[PDB]
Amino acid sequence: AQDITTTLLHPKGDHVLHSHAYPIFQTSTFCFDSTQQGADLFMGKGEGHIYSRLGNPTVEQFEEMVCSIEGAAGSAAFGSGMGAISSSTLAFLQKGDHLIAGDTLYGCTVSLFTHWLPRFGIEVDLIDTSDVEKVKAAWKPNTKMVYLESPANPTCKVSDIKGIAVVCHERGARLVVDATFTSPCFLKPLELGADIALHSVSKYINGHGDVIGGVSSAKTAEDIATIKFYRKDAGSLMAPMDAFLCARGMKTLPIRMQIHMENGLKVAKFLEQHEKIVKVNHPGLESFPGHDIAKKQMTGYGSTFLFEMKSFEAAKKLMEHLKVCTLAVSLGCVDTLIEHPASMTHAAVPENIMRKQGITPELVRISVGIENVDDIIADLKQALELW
């Protein structure tokens, strides 16, 4: 079969005015041929565009590319990953519905789930999804959705997607997986039984750290139509320029991910053997609890992972004396990022959830870029071996 590198470099669809690169449709509205042709496009009949919020050609191009790696019925682009998460949950969940979600999630996902959803009459439970039995125990007659991050931000906690999918399929609950950390190159949730696969495009998919974006993919046509229906009213849209950049960045995704995976594994192997390091939470290491599920359900690993220092001051010493790694939040960028979860990405997370995640000031999160691995390792080495 045709390789994914070829698939991404050759998206389906006609060229516009014979242009090799797909044009940036920096426009708000579209022109109608006639009143009937305009009336029909609102009804759903005929091919063409109306208004960029409903559909934009360069945006739709990016959606097609994502839809093609995911193996979905359709994809929806968003202004942010949080736009994707809101439109993948609130498009389906309503007053009286129950949501089971992982206890270890991205900071703002926790914020959306614990603060905003309960205000909308939606029952939410944060559950350890590494254990399928805990997921079964939390299940209720009104359970409509299970939301998973695996490997989780930032602890790399592994969940049994395949096993949970079964329970979701038997009981009529929609399974949504956030696969941001791994990318659609190595994790394809819809193959594992999930109903909706989503990403923060801001991270690996774009990879260049210059755009905030989100994407959501559905196994079903009805489900993607509902997501786009919600997006129409909620209004989280990917800009034409941002879509152009994301598609462009995605052109090199497979090879970037290959280097990410290998760099990340080598950095983690180096850290785990280092005197100053207590523990390394990389899902590709044999020492890691959820390794056997991760290697079975994914075809590779992302390069973002967590590790434990002997103290906060030691962690502070490492982070502030690096010359290649740059101290900043976010991840999945071409260059290596480094961050302190306890006081940055997960400072807003309540300590009730903080303890069980479980994030301590000794922890450092690293997102290994595509720089020569030896340069990255040497940079960490000299910082770890300071006076």
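Don't overthink the numbering: it's just position in the shown sequence, from 1.
A.B. asks: Should the higher mean CA B-factor in the entry be assigned to 113-121 or to 236-244?
C.D. replies: Per the deposited B-factors, the answer is 113-121.
A.B. asks: Averaging C-alpha B-factors over each stretch, which comes out higher, 288-296 or 148-156?
C.D. replies: Comparing 288-296 with 148-156, the higher average CA B-factor belongs to 288-296.
A.B. asks: Tell me, please, which of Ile69, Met354, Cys325, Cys333 has the highest C-alpha B factor according to the deposited entry?
C.D. replies: In the PDB entry, the greatest C-alpha B-factor among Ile69, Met354, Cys325, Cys333 is found at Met354.
A.B. asks: Sorting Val59, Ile338, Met65, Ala39 by Cα temperature factor from the record, which one lands on top?
C.D. replies: Across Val59, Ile338, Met65, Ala39, the entry lists the biggest C-alpha B-factor for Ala39.
A.B. asks: Comparing against every modelled residue in the chain, figure out the third that the C-alpha B-factor of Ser367 lands in (lowest, middle or highest).
C.D. replies: Lowest third of the chain for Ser367's C-alpha B-factor.
A.B. asks: State the tercile, meaning the lowest, middle or highest third, of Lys279 with respect to the CA B-factors recorded for its chain.
C.D. replies: Middle third, going by the recorded CA B-factors of the chain.
A.B. asks: Just say lowest, middle or highest third for the CA B-factor of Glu313 relative to the other modelled residues in its chain.
C.D. replies: It belongs to the highest third of the chain when residues are ordered by C-alpha B-factor.
A.B. asks: Can you tell me whether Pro141 has a C-alpha B-factor in the lowest, middle or highest third compared with the other modelled residues of the same chain?
C.D. replies: Highest third of the chain for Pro141's C-alpha B-factor.
A.B. asks: When the deposited Cα B-factors of this chain's modelled residues are ordered and cut into thirds, is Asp178 in the lowest, the middle or the highest one?
C.D. replies: It belongs to the lowest third of the chain when residues are ordered by C-alpha B-factor.
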